[PDB]
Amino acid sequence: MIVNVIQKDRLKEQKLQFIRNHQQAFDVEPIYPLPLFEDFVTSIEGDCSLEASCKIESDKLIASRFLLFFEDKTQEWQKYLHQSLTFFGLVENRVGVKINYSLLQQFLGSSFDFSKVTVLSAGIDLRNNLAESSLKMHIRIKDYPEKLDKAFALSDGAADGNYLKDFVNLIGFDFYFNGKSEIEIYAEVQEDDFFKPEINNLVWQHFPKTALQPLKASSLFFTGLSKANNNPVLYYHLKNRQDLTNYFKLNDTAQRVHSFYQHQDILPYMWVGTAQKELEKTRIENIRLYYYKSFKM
């Protein structure tokens, strides 16, 4: 029991430390209402991971981006969903806003089978312009064609975007403080399938050659299907964070983030998000960089 109490206190502080290291590097003052998210992550006592992210738009650095992944081995997905939604409710109460839950409600709608969930996340992207701040949730489903269809119906709709339907497992939800909400579906290719002839035919053929180069350093590739008809956002799961500069042509602002994280006590892998057109450039101007740390008993 004494072991358990010490570990719990330690995990609480390590989570706050990871959040504070990120915030203090990039924002002299924390963006309101970050402490609410801090309270949320410290309330999650089972195993989890945290994500800290920067979104770069030329010289603009957006850095109050944090996400928790529920990783407790018991996989009580409905409980974590309820914990996340209660946190969303506290944000609503404190800030004085009403969140638009309709897309999530419709997704869950008809008798949701939580045994089909494999990933659940909850987090924030906070801005000084309240209306542009958002809450975030991702749900990964496995062997659930009914809910894949539903997510597709909820997003943009018919072909194309439909051309990568059979590759979708992750669904994302954004909930803006102004009452606007969005859904996104993500097509994926895992490492073991990169060189399969059908994958070149179904996937790689429809992307420029520059899009294919970071796959050498990646274990996973995602693309967002509903937003931006041309110029989709491409996501790369780099096995080693050190490989970023070898595969992506970073501007000054993104270099600063990369430099900060090179020698932080974080997980070796990262995610990199960038629009297709950016990889065709001599220099990336718009990029998302995601860093991770695990918190286990």
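Numbers follow the displayed sequence, beginning with 1.
Q: So 224-232 or 240-248, which one's hotter by mean CA B-factor in the entry?
A: Mean C-alpha B-factor is greater for 224-232.
Q: Tell me which of 253-261 and 39-47 has the higher mean C-alpha B-factor in the deposited entry.
A: The deposited B-factors put 39-47 ahead on the C-alpha mean.
Q: Taking the Cα B-factors listed in the entry, which of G161, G123, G172, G179 comes out highest?
A: When the deposited C-alpha B-factors of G161, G123, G172, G179 are compared, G161 is largest.
Q: According to the deposited entry, which of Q83, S218, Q75, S102 has the largest Cα B-factor?
A: Max CA B-factor in the entry, restricted to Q83, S218, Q75, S102: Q75.
Q: Just say lowest, middle or highest third for the CA B-factor of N201 relative to the other modelled residues in its chain.
A: It falls in the top third of the chain.
Q: Ranking every modelled residue in this chain by its Cα temperature factor as given in the entry, which third contains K277?
A: Within its chain, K277 is a highest-third residue by C-alpha B-factor, going by the deposited values.
Q: State the tercile, meaning the lowest, middle or highest third, of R288 with respect to the CA B-factors recorded for its chain.
A: Lowest third, going by the recorded CA B-factors of the chain.
Q: Compared with the other modelled residues in the chain, in which third is the CA B-factor of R94?
A: Ranked within chain, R94 CA B lands in the highest tercile.
Q: Which third, lowest, middle or highest, does the C-alpha temperature factor of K147 belong to within its own chain?
A: Highest third.
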